[PDB]
Amino acid sequence: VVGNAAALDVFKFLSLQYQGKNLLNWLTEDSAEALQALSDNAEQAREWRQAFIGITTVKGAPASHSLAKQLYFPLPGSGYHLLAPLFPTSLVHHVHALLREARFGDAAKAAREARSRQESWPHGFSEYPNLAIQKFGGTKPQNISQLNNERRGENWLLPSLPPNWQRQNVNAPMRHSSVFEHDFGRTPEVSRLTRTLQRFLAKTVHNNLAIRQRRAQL
Amino acid sequence: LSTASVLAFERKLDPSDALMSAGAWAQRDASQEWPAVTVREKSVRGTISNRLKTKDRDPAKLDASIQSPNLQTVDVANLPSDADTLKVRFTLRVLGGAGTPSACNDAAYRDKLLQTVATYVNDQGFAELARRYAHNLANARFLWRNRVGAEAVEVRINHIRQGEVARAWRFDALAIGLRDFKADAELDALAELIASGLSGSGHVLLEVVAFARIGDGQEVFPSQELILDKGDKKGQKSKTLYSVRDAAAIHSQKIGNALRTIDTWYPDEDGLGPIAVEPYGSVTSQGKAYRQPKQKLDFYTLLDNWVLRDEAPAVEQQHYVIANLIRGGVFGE
Amino acid sequence: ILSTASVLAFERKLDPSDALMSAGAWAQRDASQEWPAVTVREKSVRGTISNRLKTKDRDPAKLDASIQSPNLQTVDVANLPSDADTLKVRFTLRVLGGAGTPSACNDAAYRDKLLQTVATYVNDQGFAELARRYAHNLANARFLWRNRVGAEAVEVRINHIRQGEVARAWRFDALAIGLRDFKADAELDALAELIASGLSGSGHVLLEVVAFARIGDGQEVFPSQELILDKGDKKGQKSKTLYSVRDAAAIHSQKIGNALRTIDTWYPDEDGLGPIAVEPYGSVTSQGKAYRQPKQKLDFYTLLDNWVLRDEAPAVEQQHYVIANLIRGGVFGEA
DNA sequence: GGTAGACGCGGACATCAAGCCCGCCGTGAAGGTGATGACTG
DNA sequence: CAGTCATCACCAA
């Protein structure tokens with residue numbers, strides 16, 4: 001619910017009707033769930049049913065702004081469309097609640113203690129390394145839409161980095177083992193490949209419709 | 001009228017880090033090619049020699065830990081057995097412009113502060129501050145534990161304009177003391193150079209070389225590295241000594257501490273030696289703070305009375321306030 | 001009121017250097033400025049299994065084969081040469097003074113009460129009782145640890161250096177001076193008052209202690225051995241590694257300092273057995289026994305806080321022990 | 001400025017005990033929105 | 001008497 005930052009407190013009183021009962025859709029339409037426990041007259045019931053429709057309906061005119069993006073896109077044999085992208089608040093809320101039960105939570109941490117007790121049976125936990133955090137607003141994020149219930153201006157960004165941007169230094173000098181003993185290529189990123197070629201060599205061909213297509217690229 | 005919510009003063013009297021080398025006397029004027037005192041890691045069999053807790057004092061473990069040894073790994077630097085002399089060399093820039101902040105929020109407060117500092121300067125210079133810094137350069141205060149019981153200490157100071165040198169001083173650092181500020185005519189020629197640096201009249205770059213006759217193979221004391229936020233096992237290192245590339249060293253902030261031990265103006269025990277120039281006058285290694293906030297002699301009372309409300313303190317506290325502004329810091333509200 | 005400081009620190013007094021070994025002929029003692037050093041040598045050895053046997057792998061063919069097969073090890077060794085017979089051991093010693101003044105503290109009133117206690121000690125009894133026992137351990141050659149066991153003649157030459165050159169020279173004969181009794185004479189007490197002037201700040205003391213131990217031709221000398229610890233190596237490649245400096249076998253300075261402070265003949269078991277090194281909860285570790293337990297209330301942490309905080313002065317014998325621990329140093333604090 | 005044609009086997013690699021205490025971890029600035037309130041030309 | 005400019009409380013895990 002984006003709107004006036006110093007007016008988003010009556011929204012809690014308007015949206016508490018989806019807590020407890022099933023009468024969140026009783027305030028605007030179906031005011032039989034707003035006549036018996038509302039205790040207001042016809043003017044008050046009509047004014048509430050009129051004012052509560054201005055949330056889900058339009059608030060203002062459809063427009064844009066100079067600080068918006070509005071990219072160009074080339075058409076197949078024509079000019080251009082301006083594409084003004086928007087921030088998916090619903091999608092970022094869904095993926096944010098999805099990842100807060102996958103990085104921490106009950107099962108995703110009790111499986112980590114089960115690893116810490118070295119006795120675990122197979123149960124799936126999740127680990128998201130090297131993310132980044134971004135803040136919206138600043139010291140006060142309530143001027144932005146809600147961003148407060150369990151967001152707090154912290155959309156969690158998944159990594160999408162290239163592979164080869166954290167390298168080491170090349171030292172193949174005139175050494176007594178840095179010349180002749182360096183005929184193997186002792187790097188730090190081949191341990192995973194050596195461990196995979198080791199630990200993928202014990203399984204038989206009783207489930208051999210997938211494992212016979214990995215050593216062709218290795 | 002209020003003080004600004006952001007104030008930033010750059011440091012003046014900016015020294016480098018000092019590097020250690022070793023040799024013998026009568027070669028100390030051919031001492032440009034002395035080899036560096038090196039950092040050596042050693043391992044120590046010792047003894048359990050701490051206090052013992054009585055909160056889980058099981059005598060099966062606690063009365064038996066005393067009899068068994070204690071194994072520690074430390075670091076140590078020594079002089080060579082051929083040599084008997086420590087050499088310490090560092091540089092020092094004296095900047096000037098020591099009342100103008102580098103970051104502010106007000107402009108009226110900035111003009112009030114600059115005219116307050118100009119009121120300080122155009123009736124007395126930096127000379128009382130400059131000769132106290134020249135005292136702490138002339139004796140070898142910056143050799144902290146190294147001069148303690150040293151037989152003879154010599155301090156050489158060079159004034160440098162280009163590749164060639166412009167002016168040279170030599171001293172006997174043990175004749176000059178640590179509690180007095182009695183001087184001669186030779187130290188006043190250094191004080192006028194430092195006071196021409198602090199007032200922006202000239203460019204000042206100094207090379208400070210200190211020799212200490214200690215002994216053959218005796219232990220010197222470089223600065224110890226603060227190793228913070230470890231979370232390790234049973235003390236793989238418990239003393240790491242600071243070095244630069246193959247040379248033991250002293251941090252620049254410890255030499256900077258030793259140069260600004262100027263304050264003999266603090267209330268309780270001003271006859272009991274100079275301490276460093278802090279806002280709250282605190283000597284942390286002795287666990288107390290001269291110039292408390294309750295006795296109105298700290299920097300955040302005298303500064304606000306003298307700049308804002310036109311309540312000039314005594315001159316001996318004006319030297320303390322101007323020394324705190326040569327120091328630097330974040331003096332905002 | 002008046003609890004102990006949570007941070008205490010005392011810098012050491014009597015700081016020695018590393019003792020470098022060298023070798024030559026006896027009666028060339030006064031020309032011994034250019035004697036070549038004793039060098040550490042690597043050697044490989046073929047022993048037997050002379051060790052105890054575990055039995056968690058017990059079988060009649062395992063242990064018999066392990067005994068009857070040889071043992072192959074690789075050690076270090078230091079020897080006198082095939083023409084020299086005397087071990088020259090040389091180090092320097094600084095005496096600082098300012099004993100009871102700590103280098104770091106928290107409580108100011110505890111610091112002043114500690115300096116009042118130490119200053120009350122220093123004037124009615126000087127440092128002379130500690131200084132003559134220190135001068136005894138400089139007089140005999142206690143710092144030669146194994147290198148005087150069975151030696152024929154031992155010869156100590158202590159010089160006092162107040163300039164470039166010596167101003168004062170001694171010459172003892174370290175076997176006539178024992179290791180069990182503190183008896184003095186008219187040449188040892190001059191060294192004792194030199195050390196006592198150094199411990200009370202009344203002058204500059206720097207010494208150059210040179211010892212000469214006639215051992216024999218080609219015999220093995222015993223430089224200090226060090227820990228190569230906290231690695232978890234493979235194969236155990238070196239069971240013994242000898243400490244050296246640039247191409248010269250040597251003794252660690254802390255082992256020399258250990259020998260210089262074997263002063264304590266006041267520990268409550270006996271004094272006729274001999275002195276032990278002054279350290280709190282006074283414990284020889286090579287014997288596995290800690291004399292002066294905290295149970296019988298005689299250790300440094302009980303004597304010091306009963307003497308400083310509660311004015312309960314200990315016996316006059318134990319005040320030498322408390323001041324000797326202050327000359328030692330250490331980290332004292334919250335219990 | 002001469003090819004010539006070869007480099008050994010066996011066997012073995014140490015055990016013991018121990019790994020410190022104390023105090024502390026900086027401050028300033030990083031909010032949009034209507035809604036009168038004061039100004040108002 | 002009507003636009004407009006600086007300030008003002010309104011919220012907020």
# chains A, B, ... in the order shown; residues from 1 in each chain; ligands from 1
>>> residues_around(residues="residue 2 of chain E", least_positions_apart="2", cutoff="12 Å", atoms="only C-alpha atoms (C1' of nucleotides)", output="PyMOL selection string")
(chain D and resi 39-41) or (chain E and resi 4)
>>> write_last_selection(atoms="N, CA and C atoms (P, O5', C5', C4', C3', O3' and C1' of nucleotides)", output="mmCIF file, in the first residue's frame")
data_model
loop_
_atom_site.group_PDB
_atom_site.id
_atom_site.type_symbol
_atom_site.label_atom_id
_atom_site.label_comp_id
_atom_site.auth_asym_id
_atom_site.auth_seq_id
_atom_site.Cartn_x
_atom_site.Cartn_y
_atom_site.Cartn_z
ATOM 1 P P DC D 39 4.647 36.747 7.824
ATOM 2 O "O5'" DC D 39 4.616 36.617 6.233
ATOM 3 C "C5'" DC D 39 5.541 35.752 5.586
ATOM 4 C "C4'" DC D 39 5.167 35.524 4.133
ATOM 5 C "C3'" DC D 39 5.148 36.774 3.248
ATOM 6 O "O3'" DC D 39 5.662 36.429 1.984
ATOM 7 C "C1'" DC D 39 3.129 35.675 3.054
ATOM 8 P P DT D 40 6.031 37.554 0.904
ATOM 9 O "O5'" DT D 40 4.670 37.757 0.085
ATOM 10 C "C5'" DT D 40 3.989 36.628 -0.444
ATOM 11 C "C4'" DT D 40 2.613 37.015 -0.952
ATOM 12 C "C3'" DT D 40 2.538 38.323 -1.702
ATOM 13 O "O3'" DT D 40 2.971 38.139 -3.049
ATOM 14 C "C1'" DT D 40 0.619 37.990 -0.300
ATOM 15 P P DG D 41 4.460 38.555 -3.495
ATOM 16 O "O5'" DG D 41 4.242 39.361 -4.851
ATOM 17 C "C5'" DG D 41 3.695 38.699 -5.979
ATOM 18 C "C4'" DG D 41 2.547 39.499 -6.560
ATOM 19 C "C3'" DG D 41 2.931 40.884 -7.093
ATOM 20 O "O3'" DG D 41 2.344 41.103 -8.370
ATOM 21 C "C1'" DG D 41 1.182 41.071 -5.507
ATOM 22 P P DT E 4 1.801 29.137 -8.270
ATOM 23 O "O5'" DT E 4 2.731 29.497 -7.015
ATOM 24 C "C5'" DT E 4 3.271 30.815 -6.877
ATOM 25 C "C4'" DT E 4 4.159 30.933 -5.643
ATOM 26 C "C3'" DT E 4 4.981 29.689 -5.292
ATOM 27 O "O3'" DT E 4 6.285 30.084 -4.862
ATOM 28 C "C1'" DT E 4 3.736 30.346 -3.428
#
>>> residues_around(residues="residue 86 of chain B", least_positions_apart="6", cutoff="7 Å", atoms="only C-alpha atoms (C1' of nucleotides)", output="tab-separated table (two decimals) with C-alpha atoms, in the first residue's frame")
chain	number	residue	atom	x	y	z
B	20	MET	CA	65.38	0.20	13.40
B	21	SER	CA	68.98	-0.67	12.53
B	22	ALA	CA	72.08	-1.60	14.49
B	211	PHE	CA	71.17	6.60	18.67
B	212	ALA	CA	71.03	4.61	21.91
B	213	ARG	CA	74.02	2.78	23.39
>>> interface_residues(of="chain B", to="chain C", cutoff="6 Å", atoms="only C-alpha atoms", output="list in words")
residues 43, 51, 53, 67, 149, 217, 218, 285, 286 and 287 of chain B
>>> write_last_selection(atoms="N, CA and C atoms", output="PDB file, in the first residue's frame")
ATOM      1  N   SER B  43      59.846 -19.766  20.434  1.00  0.00           N
ATOM      2  CA  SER B  43      58.911 -20.582  21.185  1.00  0.00           C
ATOM      3  C   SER B  43      59.437 -20.769  22.596  1.00  0.00           C
ATOM      4  N   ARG B  51      46.987 -15.742  38.135  1.00  0.00           N
ATOM      5  CA  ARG B  51      46.065 -16.052  39.210  1.00  0.00           C
ATOM      6  C   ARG B  51      45.151 -17.194  38.787  1.00  0.00           C
ATOM      7  N   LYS B  53      41.480 -19.148  39.109  1.00  0.00           N
ATOM      8  CA  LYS B  53      40.082 -18.915  39.434  1.00  0.00           C
ATOM      9  C   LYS B  53      39.588 -19.927  40.460  1.00  0.00           C
ATOM     10  N   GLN B  67      52.038 -27.775  38.292  1.00  0.00           N
ATOM     11  CA  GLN B  67      53.230 -28.609  38.229  1.00  0.00           C
ATOM     12  C   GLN B  67      53.691 -28.833  36.797  1.00  0.00           C
ATOM     13  N   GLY B 149      67.336   3.081  30.945  1.00  0.00           N
ATOM     14  CA  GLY B 149      68.615   2.508  31.287  1.00  0.00           C
ATOM     15  C   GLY B 149      69.628   2.503  30.172  1.00  0.00           C
ATOM     16  N   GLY B 217      74.106  -7.394  21.979  1.00  0.00           N
ATOM     17  CA  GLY B 217      73.125  -8.453  21.945  1.00  0.00           C
ATOM     18  C   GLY B 217      71.912  -8.242  22.812  1.00  0.00           C
ATOM     19  N   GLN B 218      71.720  -7.045  23.348  1.00  0.00           N
ATOM     20  CA  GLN B 218      70.588  -6.792  24.215  1.00  0.00           C
ATOM     21  C   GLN B 218      69.307  -6.670  23.406  1.00  0.00           C
ATOM     22  N   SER B 285      47.033   3.922  30.180  1.00  0.00           N
ATOM     23  CA  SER B 285      47.933   2.924  30.751  1.00  0.00           C
ATOM     24  C   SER B 285      48.086   3.083  32.256  1.00  0.00           C
ATOM     25  N   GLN B 286      47.817   4.270  32.790  1.00  0.00           N
ATOM     26  CA  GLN B 286      47.769   4.478  34.228  1.00  0.00           C
ATOM     27  C   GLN B 286      46.351   4.467  34.772  1.00  0.00           C
ATOM     28  N   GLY B 287      45.353   4.280  33.913  1.00  0.00           N
ATOM     29  CA  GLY B 287      44.001   4.003  34.358  1.00  0.00           C
ATOM     30  C   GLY B 287      43.263   5.146  35.010  1.00  0.00           C
TER      31      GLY B 287
END
>>> interface_residues(of="chain C", to="chain D", cutoff="7 Å", atoms="only C-alpha atoms (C1' of nucleotides)", output="VMD selection string")
chain C and resid 6 to 7 51 to 52 69 to 73 331 333
>>> interface_residues(of="chain A", to="chain D", cutoff="9 Å", atoms="only C-alpha atoms (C1' of nucleotides)", output="ChimeraX atom specification")
/A:4-7,137-144
>>> closest_residue(among="A:162, A:3, A:122, A:88", to="chain E", atoms="only C-alpha atoms (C1' of nucleotides)")
A:3
>>> interface_residues(of="chain B", to="chain D", cutoff="6 Å", atoms="only C-alpha atoms (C1' of nucleotides)", output="list in words")
residues 5, 6, 50, 68, 69, 70 and 71 of chain B
>>> write_last_selection(atoms="N, CA and C atoms", output="JSON list (two decimals), in the first residue's frame")
[["chain", "number", "residue", "atom", "x", "y", "z"],
["B", 5, "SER", "N", 27.37, 20.69, 13.99],
["B", 5, "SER", "CA", 27.19, 19.26, 14.24],
["B", 5, "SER", "C", 28.24, 18.40, 13.56],
["B", 6, "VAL", "N", 29.11, 18.99, 12.74],
["B", 6, "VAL", "CA", 30.22, 18.29, 12.11],
["B", 6, "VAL", "C", 31.44, 19.20, 12.18],
["B", 50, "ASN", "N", 49.82, -17.22, 36.41],
["B", 50, "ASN", "CA", 48.69, -16.32, 36.53],
["B", 50, "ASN", "C", 47.94, -16.61, 37.82],
["B", 68, "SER", "N", 52.77, -28.81, 35.86],
["B", 68, "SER", "CA", 52.98, -29.05, 34.44],
["B", 68, "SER", "C", 53.38, -27.75, 33.74],
["B", 69, "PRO", "N", 54.12, -27.81, 32.63],
["B", 69, "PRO", "CA", 54.64, -26.58, 32.03],
["B", 69, "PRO", "C", 53.60, -25.81, 31.22],
["B", 70, "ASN", "N", 54.05, -24.70, 30.65],
["B", 70, "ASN", "CA", 53.22, -23.78, 29.89],
["B", 70, "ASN", "C", 53.98, -23.43, 28.62],
["B", 71, "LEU", "N", 53.38, -23.69, 27.47],
["B", 71, "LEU", "CA", 54.06, -23.55, 26.19],
["B", 71, "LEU", "C", 53.46, -22.37, 25.44]]
>>> residues_around(residues="segment 97-104 of chain A", least_positions_apart="2", cutoff="12 Å", atoms="only C-alpha atoms (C1' of nucleotides)", output="PDB file with N, CA, C and O atoms, in the first residue's frame")
ATOM      1  N   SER A  90       5.266  -7.031  -4.964  1.00  0.00           N
ATOM      2  CA  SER A  90       4.648  -8.312  -4.632  1.00  0.00           C
ATOM      3  C   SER A  90       5.628  -9.466  -4.812  1.00  0.00           C
ATOM      4  O   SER A  90       5.735 -10.345  -3.944  1.00  0.00           O
ATOM      5  N   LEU A  91       6.376  -9.455  -5.918  1.00  0.00           N
ATOM      6  CA  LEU A  91       7.335 -10.518  -6.190  1.00  0.00           C
ATOM      7  C   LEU A  91       8.510 -10.465  -5.227  1.00  0.00           C
ATOM      8  O   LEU A  91       9.012 -11.511  -4.801  1.00  0.00           O
ATOM      9  N   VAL A  92       8.959  -9.261  -4.860  1.00  0.00           N
ATOM     10  CA  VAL A  92      10.098  -9.201  -3.952  1.00  0.00           C
ATOM     11  C   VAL A  92       9.662  -9.565  -2.540  1.00  0.00           C
ATOM     12  O   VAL A  92      10.436 -10.169  -1.792  1.00  0.00           O
ATOM     13  N   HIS A  93       8.398  -9.309  -2.185  1.00  0.00           N
ATOM     14  CA  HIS A  93       7.885  -9.793  -0.908  1.00  0.00           C
ATOM     15  C   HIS A  93       7.800 -11.313  -0.888  1.00  0.00           C
ATOM     16  O   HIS A  93       8.164 -11.945   0.114  1.00  0.00           O
ATOM     17  N   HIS A  94       7.360 -11.912  -1.999  1.00  0.00           N
ATOM     18  CA  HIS A  94       7.240 -13.365  -2.050  1.00  0.00           C
ATOM     19  C   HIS A  94       8.605 -14.045  -2.014  1.00  0.00           C
ATOM     20  O   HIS A  94       8.797 -14.998  -1.255  1.00  0.00           O
ATOM     21  N   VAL A  95       9.576 -13.549  -2.789  1.00  0.00           N
ATOM     22  CA  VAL A  95      10.897 -14.180  -2.788  1.00  0.00           C
ATOM     23  C   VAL A  95      11.645 -13.871  -1.493  1.00  0.00           C
ATOM     24  O   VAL A  95      12.467 -14.674  -1.039  1.00  0.00           O
ATOM     25  N   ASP A 106      13.282 -22.995  10.999  1.00  0.00           N
ATOM     26  CA  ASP A 106      13.322 -24.204  11.816  1.00  0.00           C
ATOM     27  C   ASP A 106      14.116 -25.308  11.129  1.00  0.00           C
ATOM     28  O   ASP A 106      15.164 -25.729  11.626  1.00  0.00           O
ATOM     29  N   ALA A 107      13.637 -25.778   9.974  1.00  0.00           N
ATOM     30  CA  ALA A 107      14.225 -26.962   9.354  1.00  0.00           C
ATOM     31  C   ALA A 107      15.584 -26.657   8.736  1.00  0.00           C
ATOM     32  O   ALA A 107      16.509 -27.473   8.824  1.00  0.00           O
ATOM     33  N   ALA A 108      15.739 -25.467   8.155  1.00  0.00           N
ATOM     34  CA  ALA A 108      16.992 -25.064   7.527  1.00  0.00           C
ATOM     35  C   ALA A 108      18.096 -24.757   8.529  1.00  0.00           C
ATOM     36  O   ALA A 108      19.237 -24.541   8.109  1.00  0.00           O
ATOM     37  N   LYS A 109      17.794 -24.712   9.821  1.00  0.00           N
ATOM     38  CA  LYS A 109      18.813 -24.625  10.858  1.00  0.00           C
ATOM     39  C   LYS A 109      18.894 -25.872  11.724  1.00  0.00           C
ATOM     40  O   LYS A 109      19.970 -26.189  12.238  1.00  0.00           O
ATOM     41  N   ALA A 110      17.786 -26.604  11.899  1.00  0.00           N
ATOM     42  CA  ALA A 110      17.856 -27.878  12.612  1.00  0.00           C
ATOM     43  C   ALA A 110      18.583 -28.933  11.794  1.00  0.00           C
ATOM     44  O   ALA A 110      19.237 -29.811  12.365  1.00  0.00           O
ATOM     45  N   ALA A 111      18.513 -28.847  10.462  1.00  0.00           N
ATOM     46  CA  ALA A 111      19.369 -29.688   9.634  1.00  0.00           C
ATOM     47  C   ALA A 111      20.833 -29.281   9.758  1.00  0.00           C
ATOM     48  O   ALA A 111      21.725 -30.130   9.647  1.00  0.00           O
ATOM     49  N   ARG A 112      21.103 -28.003  10.030  1.00  0.00           N
ATOM     50  CA  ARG A 112      22.476 -27.581  10.272  1.00  0.00           C
ATOM     51  C   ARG A 112      22.996 -28.057  11.625  1.00  0.00           C
ATOM     52  O   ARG A 112      24.179 -28.395  11.738  1.00  0.00           O
ATOM     53  N   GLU A 113      22.145 -28.089  12.658  1.00  0.00           N
ATOM     54  CA  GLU A 113      22.567 -28.740  13.902  1.00  0.00           C
ATOM     55  C   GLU A 113      22.690 -30.251  13.734  1.00  0.00           C
ATOM     56  O   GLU A 113      23.526 -30.872  14.394  1.00  0.00           O
ATOM     57  N   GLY A 124      16.609 -31.790   3.468  1.00  0.00           N
ATOM     58  CA  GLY A 124      17.141 -30.660   2.732  1.00  0.00           C
ATOM     59  C   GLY A 124      17.111 -29.319   3.433  1.00  0.00           C
ATOM     60  O   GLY A 124      16.049 -28.840   3.843  1.00  0.00           O
ATOM     61  N   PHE A 125      18.281 -28.706   3.578  1.00  0.00           N
ATOM     62  CA  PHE A 125      18.411 -27.309   3.967  1.00  0.00           C
ATOM     63  C   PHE A 125      18.998 -26.536   2.793  1.00  0.00           C
ATOM     64  O   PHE A 125      19.450 -27.114   1.801  1.00  0.00           O
ATOM     65  N   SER A 126      19.009 -25.214   2.915  1.00  0.00           N
ATOM     66  CA  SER A 126      19.499 -24.360   1.847  1.00  0.00           C
ATOM     67  C   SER A 126      20.507 -23.360   2.389  1.00  0.00           C
ATOM     68  O   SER A 126      20.432 -22.936   3.545  1.00  0.00           O
ATOM     69  N   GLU A 127      21.454 -22.988   1.532  1.00  0.00           N
ATOM     70  CA  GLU A 127      22.490 -22.023   1.875  1.00  0.00           C
ATOM     71  C   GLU A 127      22.679 -21.075   0.704  1.00  0.00           C
ATOM     72  O   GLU A 127      22.958 -21.522  -0.410  1.00  0.00           O
ATOM     73  N   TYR A 128      22.538 -19.774   0.956  1.00  0.00           N
ATOM     74  CA  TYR A 128      22.759 -18.756  -0.067  1.00  0.00           C
ATOM     75  C   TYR A 128      24.028 -17.981   0.249  1.00  0.00           C
ATOM     76  O   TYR A 128      23.997 -17.052   1.070  1.00  0.00           O
ATOM     77  N   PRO A 129      25.162 -18.326  -0.348  1.00  0.00           N
ATOM     78  CA  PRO A 129      26.381 -17.548  -0.129  1.00  0.00           C
ATOM     79  C   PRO A 129      26.375 -16.279  -0.972  1.00  0.00           C
ATOM     80  O   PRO A 129      25.521 -16.087  -1.838  1.00  0.00           O
ATOM     81  N   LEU A 131      25.561 -12.988  -1.124  1.00  0.00           N
ATOM     82  CA  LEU A 131      24.488 -12.110  -1.572  1.00  0.00           C
ATOM     83  C   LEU A 131      24.937 -10.651  -1.493  1.00  0.00           C
ATOM     84  O   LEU A 131      26.089 -10.337  -1.185  1.00  0.00           O
ATOM     85  N   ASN A 149       7.115  -4.611   7.299  1.00  0.00           N
ATOM     86  CA  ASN A 149       6.493  -5.683   8.071  1.00  0.00           C
ATOM     87  C   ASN A 149       7.513  -6.760   8.423  1.00  0.00           C
ATOM     88  O   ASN A 149       7.676  -7.110   9.598  1.00  0.00           O
ATOM     89  N   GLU A 150       8.219  -7.294   7.416  1.00  0.00           N
ATOM     90  CA  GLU A 150       9.514  -7.898   7.709  1.00  0.00           C
ATOM     91  C   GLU A 150      10.499  -7.618   6.568  1.00  0.00           C
ATOM     92  O   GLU A 150      11.400  -8.430   6.325  1.00  0.00           O
ATOM     93  N   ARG A 151      10.342  -6.503   5.848  1.00  0.00           N
ATOM     94  CA  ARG A 151      11.316  -6.113   4.834  1.00  0.00           C
ATOM     95  C   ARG A 151      12.393  -5.195   5.399  1.00  0.00           C
ATOM     96  O   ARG A 151      13.586  -5.482   5.248  1.00  0.00           O
ATOM     97  N   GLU A 154      15.348  -4.051   2.965  1.00  0.00           N
ATOM     98  CA  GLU A 154      16.433  -5.010   2.803  1.00  0.00           C
ATOM     99  C   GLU A 154      16.104  -6.069   1.748  1.00  0.00           C
ATOM    100  O   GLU A 154      16.003  -7.250   2.057  1.00  0.00           O
ATOM    101  N   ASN A 155      15.815  -5.665   0.512  1.00  0.00           N
ATOM    102  CA  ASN A 155      15.689  -6.670  -0.541  1.00  0.00           C
ATOM    103  C   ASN A 155      17.021  -7.384  -0.793  1.00  0.00           C
ATOM    104  O   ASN A 155      18.055  -6.756  -1.046  1.00  0.00           O
ATOM    105  N   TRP A 156      16.983  -8.709  -0.703  1.00  0.00           N
ATOM    106  CA  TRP A 156      18.172  -9.547  -0.756  1.00  0.00           C
ATOM    107  C   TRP A 156      18.442  -9.906  -2.212  1.00  0.00           C
ATOM    108  O   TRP A 156      17.579 -10.481  -2.881  1.00  0.00           O
ATOM    109  N   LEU A 157      19.624  -9.561  -2.707  1.00  0.00           N
ATOM    110  CA  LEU A 157      19.943  -9.707  -4.121  1.00  0.00           C
ATOM    111  C   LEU A 157      20.792 -10.950  -4.340  1.00  0.00           C
ATOM    112  O   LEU A 157      21.826 -11.122  -3.691  1.00  0.00           O
ATOM    113  N   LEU A 158      20.359 -11.807  -5.262  1.00  0.00           N
ATOM    114  CA  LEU A 158      21.098 -13.024  -5.554  1.00  0.00           C
ATOM    115  C   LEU A 158      22.347 -12.704  -6.376  1.00  0.00           C
ATOM    116  O   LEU A 158      22.341 -11.786  -7.197  1.00  0.00           O
TER     117      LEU A 158
END
>>> select_by_dssp(residues="segment 43-84 of chain A", states="strand (DSSP E)", output="PyMOL selection string")
chain A and resi 71-74+80-83
>>> write_last_selection(atoms="C-alpha atoms", output="PDB file, in the first residue's frame")
ATOM      1  CA  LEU A  71      14.137   2.482 -21.940  1.00  0.00           C
ATOM      2  CA  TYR A  72      13.939   2.194 -25.742  1.00  0.00           C
ATOM      3  CA  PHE A  73      13.489  -1.109 -27.546  1.00  0.00           C
ATOM      4  CA  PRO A  74      14.048  -1.613 -31.296  1.00  0.00           C
ATOM      5  CA  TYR A  80      10.627   2.032 -30.928  1.00  0.00           C
ATOM      6  CA  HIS A  81       8.485   1.494 -27.861  1.00  0.00           C
ATOM      7  CA  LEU A  82       9.333   3.219 -24.608  1.00  0.00           C
ATOM      8  CA  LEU A  83       9.504   0.633 -21.828  1.00  0.00           C
TER       9      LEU A  83
END
>>> atom_distance(atom1="atom CA of residue 29 of chain B", atom2="atom CA of residue 144 of chain B")
23.2 Å
>>> atom_distance(atom1="atom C1' of residue 16 of chain D", atom2="atom CA of residue 41 of chain B")
25.6 Å
>>> select_by_dssp(residues="segment 26-232 of chain B", states="alpha helix (DSSP H)", output="ChimeraX atom specification")
/B:62-65,108-121,127-138,185-198
>>> interface_residues(of="chain E", to="chain A", cutoff="6 Å", atoms="only C-alpha atoms (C1' of nucleotides)", output="PyMOL selection string")
chain E and resi 10-12
>>> write_last_selection(atoms="N, CA, C and O atoms (P, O5', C5', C4', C3', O3' and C1' of nucleotides)", output="short mmCIF file (atom, residue, chain, number, x, y, z; two decimals), in the first residue's frame")
data_model
loop_
_atom_site.label_atom_id
_atom_site.label_comp_id
_atom_site.auth_asym_id
_atom_site.auth_seq_id
_atom_site.Cartn_x
_atom_site.Cartn_y
_atom_site.Cartn_z
P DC E 10 0.60 16.18 15.03
"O5'" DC E 10 0.06 14.90 14.25
"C5'" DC E 10 0.81 13.70 14.25
"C4'" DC E 10 0.89 13.10 12.85
"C3'" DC E 10 1.42 11.69 12.81
"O3'" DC E 10 0.36 10.79 13.06
"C1'" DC E 10 2.29 13.01 11.00
P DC E 11 0.52 9.67 14.20
"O5'" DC E 11 0.36 8.30 13.39
"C5'" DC E 11 1.42 7.39 13.36
"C4'" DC E 11 1.89 7.12 11.95
"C3'" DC E 11 2.90 5.99 11.85
"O3'" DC E 11 2.23 4.82 11.41
"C1'" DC E 11 3.73 7.98 10.74
P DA E 12 2.16 3.54 12.36
"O5'" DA E 12 3.62 2.89 12.21
"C5'" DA E 12 4.09 2.53 10.91
"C4'" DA E 12 5.60 2.60 10.84
"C3'" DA E 12 6.35 1.86 11.93
"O3'" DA E 12 6.51 0.49 11.58
"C1'" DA E 12 7.42 3.92 11.26
#
>>> residues_around(residues="segment 157-164 of chain B", least_positions_apart="2", cutoff="9 Å", atoms="only C-alpha atoms (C1' of nucleotides)", output="VMD selection string")
chain B and resid 137 to 138 155 166 to 171 203 to 210
